[PDB]
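Reviewing the structure listed below.
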Protein chains: 2
Amino acid sequence: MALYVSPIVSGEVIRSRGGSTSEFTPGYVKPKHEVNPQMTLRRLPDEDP
Amino acid sequence: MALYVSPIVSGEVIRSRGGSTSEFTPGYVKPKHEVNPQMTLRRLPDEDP
């Protein structure tokens with residue numbers, strides 16, 4: 001804060017401030033999915049008969 | 001989901017979707033009526049005498 005150093009002593013020296021780092025590197029996602037080429041033979045729920 | 005697959009273990013295959021039905025034929029209705037031209041001689045409740 002400041003507290004009260006008297007005008008007869010030098011006083012203490014404050015450490016200024018600062019210093020904080022961090023890392024958040026990798027991440028990933030990959031939704032592979034199949035087309036199923038033999039699924040197209042039968043009738044889909046759509047595509048009215 | 002496709003959560004978090006790392007990019008050396010490329011990943012797994014999903015099965016997409018599909019399927020539903022129902023059956024109900026037409027239904028039917030027919031209200032027959034008659035005209036019977038022999039009952040037109042007597043006056044209607046309308047058609048003041």
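Every chain in the structure tokens takes a letter, A first, then B, and so on in the order presented; its residues are numbered from 1, and the ligands are numbered from 1 following the presented order.
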Contact set, chain B to chain A: 7 Å, only C-alpha atoms, as JSON, numbers by chain: {"B": [2, 3, 4, 5, 6, 11, 12, 13, 14, 18, 19, 20]}
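Superposing chain B on chain A by least squares over all C-alpha atoms, matched in sequence order, gives an RMSD of 2.6 Å.
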